[PDB]
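K.L.:
Provided hereafter are the protein sequence and its experimental coordinates.
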Amino acid sequence: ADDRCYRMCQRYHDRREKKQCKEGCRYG
């Protein structure tokens, strides 16, 4: 799930870290 893995990114305060973690999940 894209939302499942993405939810973990929300834990990161660094917006830049959330992006990499988000997109990184898809097409991995």
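P.N.:
Received, thanks. Residues are numbered from 1 along each chain as shown.

K.L.:
what's stretch 2-21 in contact with?
P.N.:
Contact partners of stretch 2-21, identified using Cβ atoms under 8 Å, 6 or more residues apart in numbering, comprise 22, 25-26. (Each C-beta comes from the backbone N, C-alpha and C, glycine too.)

K.L.:
quick one: buried residues of it?
P.N.:
6, 9, 18, 21 (16 or more other Cβ atoms under 10 Å).

K.L.:
what about that stretch, start to end distance?
P.N.:
End-to-end distance for stretch 2-21: 11 Å, by Cα to Cα, to the nearest Å.

K.L.:
can you give me the offset of that stretch from its chain's centre?
P.N.:
3 Å (Cα atoms, centre = their mean, to the nearest Å).

K.L.:
Filter the contacts of stretch 2-21 down to just the buried residues.
P.N.:
By 16+ other Cβ under 10 Å, the contacts of stretch 2-21 give 22, 25 as buried.

K.L.:
For the contacts of stretch 2-21, please prepare CSV with the additional fields distance to residue 14 and secondary structure.
P.N.:
What follows is the contacts of stretch 2-21, written out as CSV (distance: Cβ to Cβ, whole Å; DSSP: H, G, I helix; E, B strand; the rest coil):
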residue, distance to residue 14, secondary structure
22, 12, helix
25, 16, helix
26, 19, coil
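
K.L.:
where do the helices sit along the chain?
P.N.:
2-9, 15-25 (DSSP state H).

K.L.:
Pull the contacting residues for the residue nearest the centre of the chain.
P.N.:
Centroid-nearest residue in the chain, with Cα atoms, centre = their mean: residue 22, separated by 2.6 Å. Counting by Cβ under 8 Å, 6+ apart, residue 22 makes contact with 6, 9.

K.L.:
what about it, distance to residue 10?
P.N.:
Going from residue 22 to residue 10 by Cβ to Cβ, to the nearest Å gives 9 Å.

K.L.:
how near is the nearest residue to residue 25 once chain neighbours are set aside to residue 16?
P.N.:
With sequence-adjacent residues excluded and distances taken as Cβ to Cβ, 6 or more residues apart in numbering, residue 25 is closest to residue 5, at 3.9 Å. Residue 5 sits 17 Å away from residue 16, going by Cβ to Cβ.
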